[PDB]
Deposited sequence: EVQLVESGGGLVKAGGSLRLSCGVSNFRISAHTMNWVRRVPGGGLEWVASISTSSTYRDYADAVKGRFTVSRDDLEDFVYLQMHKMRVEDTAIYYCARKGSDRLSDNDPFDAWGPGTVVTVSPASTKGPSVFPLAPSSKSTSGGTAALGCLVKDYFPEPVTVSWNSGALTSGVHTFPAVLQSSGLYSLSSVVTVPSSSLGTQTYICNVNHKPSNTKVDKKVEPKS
């Protein structure tokens, strides 16, 4: 089957540069107009740029005009998106998509897409999280607050994986400071609060930080 692979995603400082690439499997790009699309955190789609066959026409969205450059290499079957003067608002999943149909016409839909690459534009630097307990007051709850870290992601386990039932790790929230924050919670019986031990295990691979935090009533 036809496959498209985006690469080159990652972290960029606000005002920096990054080049995305899109490669393929089981087809040649030469007869296809190729496009870049991005999924904004909402999560709708936004057309970014298009490059026609032979690089004759290059069209860009108003939000990216003059800052983004689309290019293609038909011999090797690669499409590029060179991004300059990157803004925090360029943070998104970027997809490469082929314009096509069973029989090629002057105006076809996007018949094949890649799975996307995450692009995160931020003035922040690698920062390990602070790990605070969420202490309990029939059924009770306890947790861990994982705050002021960068970049995403962070892993959270309870009692080294022994406690999985009733576990909820929330999606991270972007704070005004440009650092992420997340909570992980577990529902447990009120009677077990003084008897059972509850330990949250936090892992942040980018800063090589592993934290074990015991959660007890205050």
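By the record, the deposited chain contains unmodelled runs at 138-143, 225, with no C-alpha atoms placed there.
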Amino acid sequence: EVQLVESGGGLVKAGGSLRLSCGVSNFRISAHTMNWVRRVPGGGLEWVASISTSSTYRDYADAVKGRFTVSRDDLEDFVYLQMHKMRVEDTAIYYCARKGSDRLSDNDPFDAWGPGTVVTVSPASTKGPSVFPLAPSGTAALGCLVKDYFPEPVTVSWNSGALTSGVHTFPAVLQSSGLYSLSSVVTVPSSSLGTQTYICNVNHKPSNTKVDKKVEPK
From here on, numbers count along this sequence of modelled residues.
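65-73 and 178-186 differ in mean CA B-factor, and the higher of the two is recorded for 65-73.
Mean CA B-factor, 190-198 versus 15-23: the higher value falls on 190-198. Highest C-alpha temperature factor among 117, 120, 130, 139 per the entry: 139. Among the modelled residues of its chain, residue 90 has a C-alpha B-factor that falls in the middle third according to the deposited record. When the modelled residues of the chain are ordered by their C-alpha B factor, residue 54 lands in the highest third. When all modelled residues of the chain are sorted by CA temperature factor, residue 171 is found within the lowest third. For residue 6, the recorded CA B-factor ranks within the lowest third of the chain. Only modelled residues enter the ranking. For residue 164, the recorded CA temperature factor ranks within the highest third of the chain's modelled residues.
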